[PDB]
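Visitor: Have a look at this one before I ask anything.
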Amino acid sequence: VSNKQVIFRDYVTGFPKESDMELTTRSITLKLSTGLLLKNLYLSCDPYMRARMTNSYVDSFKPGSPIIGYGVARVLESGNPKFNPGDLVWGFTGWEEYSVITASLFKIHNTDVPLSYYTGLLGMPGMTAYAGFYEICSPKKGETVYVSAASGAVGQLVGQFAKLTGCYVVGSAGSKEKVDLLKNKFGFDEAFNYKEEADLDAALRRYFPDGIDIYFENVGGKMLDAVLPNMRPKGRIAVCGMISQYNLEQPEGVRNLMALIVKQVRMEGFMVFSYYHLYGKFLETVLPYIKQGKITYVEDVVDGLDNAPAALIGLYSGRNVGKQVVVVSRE
Amino acid sequence: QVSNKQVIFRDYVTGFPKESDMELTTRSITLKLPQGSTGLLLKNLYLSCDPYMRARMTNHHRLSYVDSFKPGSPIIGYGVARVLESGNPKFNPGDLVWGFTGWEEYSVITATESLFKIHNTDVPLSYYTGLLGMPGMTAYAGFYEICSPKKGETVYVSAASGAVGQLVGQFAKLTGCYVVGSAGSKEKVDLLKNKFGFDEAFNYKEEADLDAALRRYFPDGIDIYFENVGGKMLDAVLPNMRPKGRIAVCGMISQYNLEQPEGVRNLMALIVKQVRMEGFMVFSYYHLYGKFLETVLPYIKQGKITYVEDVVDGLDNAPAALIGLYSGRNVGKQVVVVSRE
Ligand SMILES: NC(=O)c1ccc[n+]([C@@H]2O[C@H](COP(=O)([O-])OP(=O)(O)OC[C@H]3O[C@@H](n4cnc5c(N)ncnc54)[C@H](OP(=O)(O)O)[C@@H]3O)[C@@H](O)[C@H]2O)c1
Ligand SMILES: NC(=O)c1ccc[n+]([C@@H]2O[C@H](COP(=O)([O-])OP(=O)(O)OC[C@H]3O[C@@H](n4cnc5c(N)ncnc54)[C@H](OP(=O)(O)O)[C@@H]3O)[C@@H](O)[C@H]2O)c1
Ligand SMILES: CC(=O)CCc1ccc(O)cc1
């Protein structure tokens, strides 16, 4: 059968563009070995993928070969005993209709949620929100929480977890549509459009007159400098991402780190890879909340591999509204 | 009546401080408290020069943590003094104390709860401005409460020959860590290797590429950075941290005299290396003071911990000694002796 693929053309400098990926089709036979033959259903667009386009923490993409990243797929055939034909899995797969995988995947049991959730809410981004918030921030009822990129895959979940814990939660996002989602769907206490704030420090002083106990950091740069002098004593910054920096040849300087001393702040980075032993517990905690409607999720869903390059590039302009999903083929 | 020489704060400072930002005057005073006073009459013996005092020479700051100095009034800071007279039953004449006092020969103290009563005089009294006072406590709290050090881990100490750093490094050695310090002269580097027992040490002024220098001294990276300096030094450390590394943010003295702090560019290293970078203030740790003293005094007695002070004689020399911190003039902990006892 035919197998369209999104190919990585060549290593990227600065921002990515659609020409850095190329669409192609190849002829393949659907059989097989100890590996796995997958029909790819959904693909995630995740900000970290930009780092794999550079010639730090995982191998770079290989020019001429398909983009790889997190997806949800159906097992067509297996030469490994732990997976059988018909299994649904999430994990790393290729940007293509069908992939042969030499491997680590999670077998999906609960199918009474939209399968696309295993690219986001129930996949790596949701695990990231859970680990960063519950394992790094030591949150307590009554504490104030600021979430940057608050309407995104990770942010929208951090904010809801913080509300469930009894925190006072403010988010920022880059459009009126996203700010409305934060206040009207996700139940943030307050939210603002950071692109329309002339002075970020002023906005944070208004929304946190007594300071910020917890900053869930997704953005870096200027936003982090605005946060630092607004932290409360013994405040915490969970350093999750710094997406404002990912396309710079030279990262921007952050000037306000003396605030860490005078406010005795713990600023700690983490990688979700180190928390996957908690994935079972994460499911135990979140799947009931989804059931009882305490946790909701917004996805941005585009159809077809042909649209995956623009969906990935759109992350760095804020084009996605919520978690960016690419539908290769519905279940 | 006796004379009371004083160091007066002349006016608020912009940029680096200079001698002329302070004034020396002599006043007449009577060694007697007012009737009904509940305060202390102190004779000041030793004064500390400490880097944080620069912040008090500016009128106001977003990140202020204490009131600034008042122009026309004496400099205030940590010192060691003897009680001459007391309106507070907790102190009797002849008691020796350490805590905040005036840059003068005699002070009257109203707020007496910052004062620690010295019990052990088995040691030079000057120790209570440094090793056994606030800088020593800082090193103890920052290293043992913030850094979670373990045997075999690698430790980098900036301003390592200073009041805080020289103790951090020795604590690290005693814990079984591998310790490298940097300082800004050959004299200081020699102390690090030959008196304090650091595994290695370098003069950071001799290294045009600090990141490369740290790669040479830490071939497998840094578990713990005891941060005293900030700026380019911090940026050189960040890519050299190990996974689950820790930075104890104690001070950033390279920033204290700038109108705009320098930008630190390598913070994404915190993510990929899962580093905890945590600031702290020693004032939050004085509940551990008794335990600190129980720990360090036997080490001092057994010669297992040593200390280097920079000692200048006389209040006339105090302004130069404070200014000198910011160009590295002090060799070890900067002390001013007001009256040698
Ligand atoms: N440490 C880990 O293990 C880990 C794991 C996953 C993700 N992360 C990080 O978590 C963060 C969010 O990931 P996500 O999946 O949830 O992405 P996302 O929020 O769904 O999408 C990215 C968003 O970033 C915002 N953005 C882009 N450029 C920006 C800029 N220059 N300044 C400010 N905001 C900008 C946009 O939202 P606006 O419209 O609001 O601008 C955009 O929608 C990223 O930094 C990611 O790298 C970390
Ligand atoms: N609670 C707290 O958080 C707390 C408490 C006390 C102190 N501190 C901080 O800890 C640090 C050390 O204090 P300390 O009492 O021990 O002082 P110190 O080291 O005894 O004296 C200051 C030293 O700073 C170094 N220095 C000056 N300018 C520098 C620059 N631009 N770059 C690099 N090094 C520079 C000099 O040493 P070189 O010759 O090596 O340059 C100088 O001797 C300070 O930043 C201080 O504010 C924090
Ligand atoms: C789930 C992952 O594998 C990566 C998460 C991520 C990590 C670092 C970063 O800078 C952005 C996203």
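Starting from 1 in every chain, residues are counted up; chains themselves are A, B, ... following the order of the structure tokens, and ligands are numbered from 1 as listed.
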Using only C-alpha atoms and all ligand atoms, determine which residues fall within 8 Å of ligand 2, then list them as a PyMOL selection string.

Guide: (chain A and resi 261-262) or (chain B and resi 49-52+130+134-135+138+142+158-166+182-185+188+203-204+227-230+233+249-255+279-283+324-334)

Visitor: Write a file of the selected residues as a tab-separated table (two decimals), in the first residue's frame, keeping C-alpha atoms.

Guide:
chain	number	residue	atom	x	y	z
A	261	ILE	CA	18.09	35.02	47.40
A	262	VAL	CA	15.93	37.67	49.02
B	49	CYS	CA	32.85	44.16	56.75
B	50	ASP	CA	30.22	42.14	54.87
B	51	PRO	CA	29.26	42.36	51.16
B	52	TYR	CA	25.50	42.91	51.81
B	130	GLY	CA	33.00	35.48	60.80
B	134	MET	CA	26.80	35.25	60.57
B	135	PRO	CA	29.19	34.19	57.74
B	138	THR	CA	25.68	31.07	56.30
B	142	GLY	CA	23.80	26.90	52.74
B	158	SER	CA	33.01	30.67	44.15
B	159	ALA	CA	34.65	33.44	46.23
B	160	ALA	CA	36.16	30.39	47.87
B	161	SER	CA	38.80	32.10	50.03
B	162	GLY	CA	36.20	34.43	51.53
B	163	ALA	CA	34.44	34.43	54.87
B	164	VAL	CA	31.69	32.05	53.70
B	165	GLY	CA	33.46	30.15	50.97
B	166	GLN	CA	36.50	29.09	52.96
B	182	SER	CA	38.22	29.84	42.75
B	183	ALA	CA	39.51	33.17	44.04
B	184	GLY	CA	41.04	36.25	42.51
B	185	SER	CA	44.76	36.12	43.40
B	188	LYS	CA	44.18	33.29	47.76
B	203	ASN	CA	42.49	32.06	39.95
B	204	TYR	CA	39.41	32.94	37.93
B	227	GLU	CA	27.10	30.45	44.39
B	228	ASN	CA	28.65	33.64	45.84
B	229	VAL	CA	29.35	35.58	42.66
B	230	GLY	CA	26.69	35.50	39.92
B	233	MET	CA	30.60	32.87	36.63
B	249	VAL	CA	22.28	30.77	45.68
B	250	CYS	CA	24.05	32.49	48.54
B	251	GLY	CA	25.24	35.76	46.97
B	252	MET	CA	25.95	37.41	43.64
B	253	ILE	CA	28.63	39.97	44.58
B	254	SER	CA	29.56	40.65	40.94
B	255	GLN	CA	26.14	42.30	40.63
B	279	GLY	CA	18.34	30.84	47.27
B	280	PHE	CA	18.38	31.17	51.03
B	281	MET	CA	18.95	33.76	53.76
B	282	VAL	CA	20.95	32.96	56.86
B	283	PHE	CA	18.41	34.77	59.07
B	324	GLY	CA	37.82	46.79	49.47
B	325	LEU	CA	35.42	43.82	49.45
B	326	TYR	CA	34.22	44.79	45.97
B	327	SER	CA	37.70	44.70	44.46
B	328	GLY	CA	38.88	41.64	46.38
B	329	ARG	CA	41.30	43.51	48.68
B	330	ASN	CA	40.41	41.31	51.67
B	331	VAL	CA	42.36	38.11	52.16
B	332	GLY	CA	39.82	35.97	53.99
B	333	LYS	CA	37.15	37.37	56.28
B	334	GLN	CA	37.42	41.20	56.59

Visitor: Residues within 6 Å of ligand 1 (only C-alpha atoms and all ligand atoms), as an mmCIF file with C-alpha atoms, in the first residue's frame?

Guide:
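Generated file (part.cif):
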data_model
loop_
_atom_site.group_PDB
_atom_site.id
_atom_site.type_symbol
_atom_site.label_atom_id
_atom_site.label_comp_id
_atom_site.auth_asym_id
_atom_site.auth_seq_id
_atom_site.Cartn_x
_atom_site.Cartn_y
_atom_site.Cartn_z
ATOM 1 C CA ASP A 46 5.196 19.119 20.870
ATOM 2 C CA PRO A 47 7.500 22.126 21.385
ATOM 3 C CA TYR A 48 10.576 20.008 22.215
ATOM 4 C CA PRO A 125 2.107 16.448 28.269
ATOM 5 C CA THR A 128 4.524 16.562 32.531
ATOM 6 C CA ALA A 149 1.404 29.267 28.286
ATOM 7 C CA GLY A 152 -1.564 24.889 26.240
ATOM 8 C CA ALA A 153 -1.273 21.110 26.576
ATOM 9 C CA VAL A 154 0.678 21.267 29.850
ATOM 10 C CA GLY A 155 -0.526 24.599 31.250
ATOM 11 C CA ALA A 173 -1.983 33.230 27.052
ATOM 12 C CA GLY A 174 -1.487 35.028 23.741
ATOM 13 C CA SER A 175 -5.033 35.650 22.464
ATOM 14 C CA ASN A 218 6.778 27.241 30.289
ATOM 15 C CA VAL A 219 8.148 30.334 28.570
ATOM 16 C CA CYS A 240 9.237 23.023 32.725
ATOM 17 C CA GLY A 241 10.007 24.735 29.425
ATOM 18 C CA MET A 242 11.328 27.998 27.986
ATOM 19 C CA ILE A 243 9.650 28.068 24.589
ATOM 20 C CA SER A 244 10.588 31.733 23.965
ATOM 21 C CA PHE A 270 12.703 18.581 35.639
ATOM 22 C CA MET A 271 12.241 16.222 32.696
ATOM 23 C CA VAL A 272 9.088 14.173 32.339
ATOM 24 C CA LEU A 315 3.441 26.081 18.047
ATOM 25 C CA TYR A 316 6.143 28.780 17.986
ATOM 26 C CA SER A 317 3.650 31.426 16.865
ATOM 27 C CA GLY A 318 0.873 30.377 19.242
ATOM 28 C CA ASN A 320 -2.530 26.099 18.281
ATOM 29 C CA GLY A 322 -4.896 24.016 23.246
ATOM 30 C CA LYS A 323 -3.019 20.750 22.662
#

Visitor: I need the residues of segment 196-259 of chain A that end up classed as strand (DSSP E or B) by DSSP on the backbone, written out as a PyMOL selection string.

Guide: chain A and resi 212-217+231-239+254

Visitor: What does the distance from atom CA of residue 34 of chain B to atom CA of residue 341 of chain B come to in Å, to one decimal?

Guide: 26.8 Å

Visitor: For chain B, report every residue with an atom at most 10 Å from chain A (counting only C-alpha atoms), formatted as a CSV table (one decimal) with N, CA and C atoms, in the first residue's frame.

Guide:
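Final output, selection_7.csv:
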chain,number,residue,atom,x,y,z
B,62,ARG,N,13.5,47.4,44.8
B,62,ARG,CA,12.4,46.4,44.7
B,62,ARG,C,12.8,45.2,45.6
B,63,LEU,N,14.0,44.8,45.5
B,63,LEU,CA,14.4,43.6,46.3
B,63,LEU,C,15.0,43.9,47.6
B,64,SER,N,14.6,45.1,48.2
B,64,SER,CA,15.1,45.4,49.5
B,64,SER,C,14.7,44.4,50.6
B,65,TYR,N,15.5,44.1,51.5
B,65,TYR,CA,15.1,43.3,52.7
B,65,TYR,C,15.3,43.9,54.0
B,146,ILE,N,20.9,23.3,52.2
B,146,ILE,CA,20.4,23.6,50.8
B,146,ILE,C,21.0,22.6,49.8
B,230,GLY,N,27.6,35.1,41.0
B,230,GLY,CA,26.7,35.5,39.9
B,230,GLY,C,27.3,35.9,38.6
B,231,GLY,N,26.5,36.4,37.7
B,231,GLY,CA,27.0,36.9,36.4
B,231,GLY,C,27.6,35.9,35.6
B,235,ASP,N,27.0,31.7,34.6
B,235,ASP,CA,26.7,31.2,33.2
B,235,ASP,C,27.7,30.1,32.8
B,243,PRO,N,23.4,16.0,36.2
B,243,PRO,CA,22.0,15.7,36.4
B,243,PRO,C,21.7,15.7,37.9
B,244,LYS,N,20.6,16.3,38.3
B,244,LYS,CA,20.1,16.4,39.7
B,244,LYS,C,21.1,17.2,40.5
B,245,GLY,N,21.9,18.1,39.8
B,245,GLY,CA,22.8,19.0,40.5
B,245,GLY,C,22.0,20.0,41.3
B,246,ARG,N,22.8,20.7,42.2
B,246,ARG,CA,22.2,21.7,43.0
B,246,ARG,C,23.0,22.9,43.1
B,247,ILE,N,22.4,24.1,43.0
B,247,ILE,CA,23.1,25.4,43.2
B,247,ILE,C,22.5,26.1,44.4
B,248,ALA,N,23.3,26.3,45.4
B,248,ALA,CA,22.8,27.1,46.5
B,248,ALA,C,23.1,28.6,46.2
B,249,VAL,N,22.1,29.4,46.0
B,249,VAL,CA,22.3,30.8,45.7
B,249,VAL,C,22.4,31.6,47.0
B,250,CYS,N,23.7,31.8,47.3
B,250,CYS,CA,24.1,32.5,48.5
B,250,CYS,C,24.2,34.0,48.3
B,251,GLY,N,25.0,34.4,47.3
B,251,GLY,CA,25.2,35.8,47.0
B,251,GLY,C,25.6,35.9,45.5
B,252,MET,N,25.6,37.1,45.0
B,252,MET,CA,26.0,37.4,43.6
B,252,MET,C,26.8,38.7,43.6
B,253,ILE,N,27.9,38.7,44.3
B,253,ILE,CA,28.6,40.0,44.6
B,253,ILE,C,29.1,40.7,43.3
B,255,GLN,N,27.3,41.5,41.1
B,255,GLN,CA,26.1,42.3,40.6
B,255,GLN,C,25.8,43.5,41.5
B,256,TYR,N,26.5,43.6,42.7
B,256,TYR,CA,25.9,44.5,43.7
B,256,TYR,C,26.2,45.9,43.4
B,260,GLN,N,22.3,48.0,36.3
B,260,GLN,CA,21.5,47.0,35.8
B,260,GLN,C,22.2,45.7,36.0
B,261,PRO,N,21.5,44.7,36.5
B,261,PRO,CA,22.1,43.3,36.6
B,261,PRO,C,22.4,42.8,35.2
B,262,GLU,N,23.5,42.0,35.1
B,262,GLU,CA,23.8,41.3,33.9
B,262,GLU,C,22.8,40.2,33.6
B,263,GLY,N,22.6,39.9,32.4
B,263,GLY,CA,21.7,38.8,31.9
B,263,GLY,C,22.5,37.5,32.0
B,264,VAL,N,21.8,36.5,32.6
B,264,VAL,CA,22.3,35.1,32.6
B,264,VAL,C,21.5,34.3,31.5
B,265,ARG,N,22.3,33.7,30.6
B,265,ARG,CA,21.7,33.2,29.4
B,265,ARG,C,21.5,31.6,29.4
B,266,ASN,N,22.1,30.9,30.3
B,266,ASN,CA,22.2,29.4,30.2
B,266,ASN,C,21.2,28.7,31.1
B,267,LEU,N,20.1,29.3,31.5
B,267,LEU,CA,19.1,28.7,32.4
B,267,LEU,C,18.4,27.5,31.8
B,268,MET,N,18.5,27.3,30.5
B,268,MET,CA,17.8,26.1,30.0
B,268,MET,C,18.6,24.8,30.5
B,269,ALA,N,19.8,25.0,31.0
B,269,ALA,CA,20.5,23.9,31.5
B,269,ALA,C,19.8,23.3,32.8
B,270,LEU,N,19.0,24.2,33.4
B,270,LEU,CA,18.3,23.7,34.6
B,270,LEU,C,17.3,22.6,34.2
B,271,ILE,N,16.7,22.7,33.0
B,271,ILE,CA,15.8,21.7,32.6
B,271,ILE,C,16.5,20.4,32.2
B,272,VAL,N,17.5,20.5,31.3
B,272,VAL,CA,18.0,19.2,30.8
B,272,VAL,C,18.8,18.5,31.8
B,273,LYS,N,19.4,19.2,32.8
B,273,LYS,CA,20.1,18.6,33.9
B,273,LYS,C,19.3,18.5,35.1
B,274,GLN,N,18.0,18.9,35.1
B,274,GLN,CA,17.1,18.7,36.3
B,274,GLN,C,17.8,19.2,37.6
B,275,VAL,N,18.3,20.5,37.5
B,275,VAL,CA,19.0,21.1,38.6
B,275,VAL,C,18.1,21.9,39.5
B,276,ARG,N,18.3,21.8,40.8
B,276,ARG,CA,17.6,22.6,41.8
B,276,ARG,C,18.5,23.8,42.1
B,277,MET,N,18.0,25.0,41.8
B,277,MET,CA,18.8,26.3,42.1
B,277,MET,C,18.0,27.0,43.1
B,278,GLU,N,18.5,27.1,44.3
B,278,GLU,CA,17.7,27.6,45.5
B,278,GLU,C,18.4,28.6,46.3
B,279,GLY,N,17.7,29.8,46.4
B,279,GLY,CA,18.3,30.8,47.3
B,279,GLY,C,17.9,30.7,48.7
B,280,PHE,N,18.7,31.3,49.6
B,280,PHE,CA,18.4,31.2,51.0
B,280,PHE,C,18.9,32.4,51.7
B,281,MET,N,18.4,32.7,52.9
B,281,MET,CA,18.9,33.8,53.8
B,281,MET,C,19.3,33.2,55.1
B,284,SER,N,17.0,32.9,58.3
B,284,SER,CA,16.0,31.9,58.5
B,284,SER,C,16.6,30.6,59.1

Visitor: Give me the residues within 10 Å of residue 120 of chain B as a list in words, counting only C-alpha atoms and dropping any in the same chain fewer than 3 places off.

Guide: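 Residues near the query, excluding close chain neighbours: residues 96, 117, 123, 124, 125, 293 and 297 of chain B.
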
Visitor: Work out how far apart atom CA of residue 185 of chain A and atom CA of residue 312 of chain A are and give it in Å to one decimal.

Guide: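 According to the coordinates, atom CA of residue 185 of chain A and atom CA of residue 312 of chain A are separated by 24.7 Å.
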
Visitor: Using backbone DSSP assignments, extract all alpha helix (DSSP H) residues from segment 211-322 of chain B; output them as a PyMOL selection string.

Guide: chain B and resi 211-217+232-237+269-272+289-301+318-322

Visitor: Counting only C-alpha atoms, what is within 10 Å of residue 186 of chain B, bar same-chain residues fewer than 5 positions away, as a ChimeraX atom specification?

Guide: /B:191-192,201-203,205-206

Visitor: Write the residues of the preceding selection, restricted to C-alpha atoms, as a short mmCIF file (atom, residue, chain, number, x, y, z; two decimals), in the first residue's frame.

Guide:
data_model
loop_
_atom_site.label_atom_id
_atom_site.label_comp_id
_atom_site.auth_asym_id
_atom_site.auth_seq_id
_atom_site.Cartn_x
_atom_site.Cartn_y
_atom_site.Cartn_z
CA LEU B 191 45.45 29.41 50.75
CA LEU B 192 42.80 27.26 49.13
CA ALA B 201 41.75 25.75 43.10
CA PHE B 202 42.28 28.29 40.37
CA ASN B 203 42.49 32.06 39.95
CA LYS B 205 41.10 36.09 36.67
CA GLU B 206 43.63 33.88 34.86
#

Visitor: Give me, as a ChimeraX atom specification, all polymer residues having an atom no more than 10 Å from segment 23-32 of chain A, counting only C-alpha atoms and skipping those fewer than 3 positions away in the same chain.

Guide: /A:1-9,18-19,35-39,66,76-79,95-100,305-309

Visitor: Can you spit out the residues from that selection as a tab-separated table (two decimals), in the first residue's frame, using N, CA, C and O atoms?

Guide:
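Written out: again-v3.tsv:
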chain	number	residue	atom	x	y	z
A	1	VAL	N	0.84	-1.19	0.00
A	1	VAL	CA	0.00	0.00	0.00
A	1	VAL	C	0.87	1.24	0.00
A	1	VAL	O	2.09	1.16	0.15
A	2	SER	N	0.23	2.40	-0.17
A	2	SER	CA	0.96	3.66	-0.13
A	2	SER	C	1.17	4.09	1.32
A	2	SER	O	0.39	3.74	2.22
A	3	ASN	N	2.25	4.83	1.54
A	3	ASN	CA	2.63	5.29	2.87
A	3	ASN	C	3.22	6.69	2.73
A	3	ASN	O	4.43	6.85	2.50
A	4	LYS	N	2.37	7.70	2.88
A	4	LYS	CA	2.87	9.06	2.87
A	4	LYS	C	3.63	9.32	4.18
A	4	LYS	O	3.32	8.73	5.22
A	5	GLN	N	4.66	10.15	4.08
A	5	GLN	CA	5.59	10.40	5.16
A	5	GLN	C	5.91	11.88	5.21
A	5	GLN	O	5.91	12.56	4.17
A	6	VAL	N	6.17	12.38	6.41
A	6	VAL	CA	6.72	13.72	6.58
A	6	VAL	C	8.21	13.55	6.80
A	6	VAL	O	8.63	13.03	7.84
A	7	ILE	N	9.04	13.99	5.84
A	7	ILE	CA	10.49	13.79	5.90
A	7	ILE	C	11.19	15.03	6.43
A	7	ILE	O	10.86	16.16	6.04
A	8	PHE	N	12.19	14.82	7.29
A	8	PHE	CA	13.04	15.91	7.77
A	8	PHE	C	14.05	16.26	6.68
A	8	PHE	O	14.97	15.48	6.41
A	9	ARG	N	13.89	17.45	6.08
A	9	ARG	CA	14.78	17.84	4.98
A	9	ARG	C	16.20	18.08	5.47
A	9	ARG	O	17.13	17.36	5.09
A	18	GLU	N	8.16	25.42	6.84
A	18	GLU	CA	7.60	24.22	6.22
A	18	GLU	C	8.57	23.57	5.26
A	18	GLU	O	8.63	22.34	5.18
A	19	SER	N	9.40	24.37	4.58
A	19	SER	CA	10.41	23.84	3.68
A	19	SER	C	11.43	22.96	4.40
A	19	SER	O	12.15	22.21	3.73
A	35	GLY	N	10.21	-6.93	15.73
A	35	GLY	CA	9.68	-5.58	15.82
A	35	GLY	C	8.16	-5.53	15.78
A	35	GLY	O	7.45	-6.51	16.01
A	36	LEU	N	7.66	-4.34	15.47
A	36	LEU	CA	6.24	-4.02	15.56
A	36	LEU	C	5.82	-3.25	14.32
A	36	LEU	O	6.52	-2.33	13.89
A	37	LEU	N	4.68	-3.62	13.75
A	37	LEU	CA	4.14	-2.92	12.60
A	37	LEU	C	2.91	-2.13	13.04
A	37	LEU	O	1.93	-2.73	13.50
A	38	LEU	N	2.97	-0.80	12.91
A	38	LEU	CA	1.96	0.09	13.46
A	38	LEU	C	1.19	0.81	12.36
A	38	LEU	O	1.77	1.28	11.37
A	39	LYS	N	-0.13	0.94	12.55
A	39	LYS	CA	-0.92	1.93	11.83
A	39	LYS	C	-1.05	3.16	12.73
A	39	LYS	O	-1.69	3.10	13.79
A	66	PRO	N	11.94	10.11	8.19
A	66	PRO	CA	10.72	10.74	8.71
A	66	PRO	C	10.94	11.40	10.07
A	66	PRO	O	11.78	10.95	10.86
A	76	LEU	N	-0.68	-3.69	14.02
A	76	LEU	CA	-1.13	-4.57	12.94
A	76	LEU	C	-0.52	-5.96	13.06
A	76	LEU	O	-1.17	-6.96	12.74
A	77	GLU	N	0.73	-6.04	13.50
A	77	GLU	CA	1.44	-7.31	13.60
A	77	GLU	C	2.61	-7.12	14.55
A	77	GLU	O	3.17	-6.02	14.64
A	78	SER	N	2.95	-8.18	15.26
A	78	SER	CA	4.00	-8.10	16.27
A	78	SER	C	4.89	-9.33	16.20
A	78	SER	O	4.40	-10.45	16.14
A	79	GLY	N	6.20	-9.10	16.22
A	79	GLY	CA	7.15	-10.16	16.49
A	79	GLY	C	7.69	-10.06	17.90
A	79	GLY	O	8.75	-10.61	18.21
A	95	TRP	N	6.27	9.94	11.58
A	95	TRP	CA	5.30	10.83	10.95
A	95	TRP	C	4.97	10.24	9.57
A	95	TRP	O	5.50	10.64	8.53
A	96	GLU	N	4.05	9.29	9.59
A	96	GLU	CA	3.77	8.45	8.42
A	96	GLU	C	2.53	7.62	8.71
A	96	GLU	O	2.11	7.46	9.86
A	97	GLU	N	1.95	7.05	7.65
A	97	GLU	CA	0.74	6.25	7.86
A	97	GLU	C	1.06	4.95	8.57
A	97	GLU	O	0.28	4.51	9.42
A	98	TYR	N	2.21	4.35	8.27
A	98	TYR	CA	2.61	3.10	8.89
A	98	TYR	C	4.08	3.12	9.27
A	98	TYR	O	4.92	3.61	8.51
A	99	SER	N	4.38	2.54	10.42
A	99	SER	CA	5.73	2.54	10.97
A	99	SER	C	6.10	1.14	11.43
A	99	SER	O	5.26	0.42	11.98
A	100	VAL	N	7.37	0.78	11.26
A	100	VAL	CA	7.94	-0.42	11.86
A	100	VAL	C	8.82	0.02	13.01
A	100	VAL	O	9.77	0.78	12.81
A	305	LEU	N	-1.67	14.09	7.43
A	305	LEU	CA	-0.23	14.29	7.47
A	305	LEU	C	0.19	15.55	6.74
A	305	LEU	O	1.14	16.22	7.17
A	306	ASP	N	-0.49	15.91	5.64
A	306	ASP	CA	-0.06	17.06	4.84
A	306	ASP	C	-0.01	18.34	5.68
A	306	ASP	O	0.77	19.26	5.38
A	307	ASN	N	-0.82	18.41	6.72
A	307	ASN	CA	-0.94	19.59	7.56
A	307	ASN	C	-0.07	19.53	8.80
A	307	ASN	O	-0.03	20.51	9.55
A	308	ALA	N	0.64	18.42	9.03
A	308	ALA	CA	1.48	18.30	10.22
A	308	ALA	C	2.63	19.30	10.27
A	308	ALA	O	2.88	19.85	11.37
A	309	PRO	N	3.37	19.56	9.18
A	309	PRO	CA	4.44	20.57	9.28
A	309	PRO	C	3.95	21.92	9.76
A	309	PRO	O	4.53	22.49	10.69

Visitor: For a quick check of understanding, using only C-alpha atoms and all ligand atoms, which of A:88, A:131, A:21, A:73 has the smallest distance to ligand 3?

Guide: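 Closest candidate: A:131.
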
Visitor: Could you pull the residues within 7 Å of residue 71 of chain A, counting only C-alpha atoms, minus those fewer than 5 positions along the same chain, as an MDAnalysis selection string?

Guide: chainID A and resid 42:44 90:93 119

Visitor: Excluding residue 207 of chain A and its own-chain neighbours fewer than 2 positions away, which residues fall within 12 Å of it when counting only C-alpha atoms? Please give them as a PyMOL selection string.

Guide: chain A and resi 144-146+168-172+189-192+200-205+209-212+227+230

Visitor: Considering only C-alpha atoms, state which residue in the set B:104, B:145, B:85, B:220 is at the smallest distance from residue 336 of chain B.

Guide: B:104
